[PDB]
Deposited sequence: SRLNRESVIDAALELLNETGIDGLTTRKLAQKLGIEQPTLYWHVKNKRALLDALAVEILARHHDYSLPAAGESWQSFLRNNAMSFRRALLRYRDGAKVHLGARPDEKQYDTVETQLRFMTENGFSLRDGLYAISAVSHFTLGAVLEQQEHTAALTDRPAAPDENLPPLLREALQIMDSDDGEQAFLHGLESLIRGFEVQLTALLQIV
């Protein structure tokens, strides 16, 4: 098949949905592409190189709300941004593990920079804006990994689980997301006051 970057990644993602991350190997990627292992190696040095690239391509391809709209609030941008991240991470099997393992890369540097600047433009110190972004990010990754990694008992526990299972974990994600955004707001608002 074609072994340009885009084609190698198409096939690696397609494989990831077949095998998950633990089973994704270069050997199996080579078979999928109908090529010998040493041909693939010209293109893809190892699995870590492969994963590094998938993590970025997944976000470039499906993470539509990297940047805020003109006039958008930081409440609404962190909302939309976190929702876009969750969806892009769920679109591929072990998506959040492929994300976790990778390097916030040169090509996304300007995305994350814009975000840190955006947050500083609406009244966050750098410090408190990076904490806001890292918490959203850590909350969203953790919920998505649980959703993905789950792939007689006491009553509350029985009912709680039954309820978590009702939907994908989206209601529990969006609820905690609102708590997190408001917590940030209550902090930002108070300034030097004891809160």
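Chemist: Since the structure holds only modelled residues, which stretches of the deposited sequence does it leave out?
Modeler: Since the structure holds only modelled residues, the one stretch it omits is 152-163.
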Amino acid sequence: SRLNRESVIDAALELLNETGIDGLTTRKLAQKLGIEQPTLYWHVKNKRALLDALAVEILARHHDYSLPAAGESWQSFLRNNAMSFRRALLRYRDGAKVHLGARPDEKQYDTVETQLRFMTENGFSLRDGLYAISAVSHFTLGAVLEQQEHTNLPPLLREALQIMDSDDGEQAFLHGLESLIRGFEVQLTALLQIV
From here on, numbers count along this sequence of modelled residues.
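Chemist: On average, which has the higher Cα B-factor in the deposited entry, 101-109 or 74-82?
Modeler: Going by the record's values, the stretch with the higher mean is 101-109.
Chemist: Which of these has the highest Cα B-factor in the record: 141, 135, 157, 53?
Modeler: Of the options given, 157 has the highest CA B-factor in the PDB entry.
Chemist: Split into thirds by Cα B-factor across the chain's modelled residues, where does residue 22 land: lowest, middle or highest?
Modeler: Answer is highest: the recorded C-alpha B-factor places it there.
Chemist: By the record's CA B-factor, is residue 67 among the lowest, middle or highest third of residues in the chain?
Modeler: Answer is highest: the recorded C-alpha B-factor places it there.
Chemist: Ranking the modelled residues of this chain by C-alpha B-factor as given in the entry, is residue 33 in the lowest, middle or highest third?
Modeler: Residue 33: CA B-factor falls in the middle third of its chain.
Chemist: Where does residue 48 sit by CA temperature factor within its chain: lowest, middle or highest third?
Modeler: Answer is middle: the recorded C-alpha B-factor places it there.
Chemist: For residue 40, return the chain-relative third of its C-alpha B-factor as stated in the PDB record: lowest, middle or highest.
Modeler: It belongs to the lowest third of the chain when residues are ordered by C-alpha B-factor.
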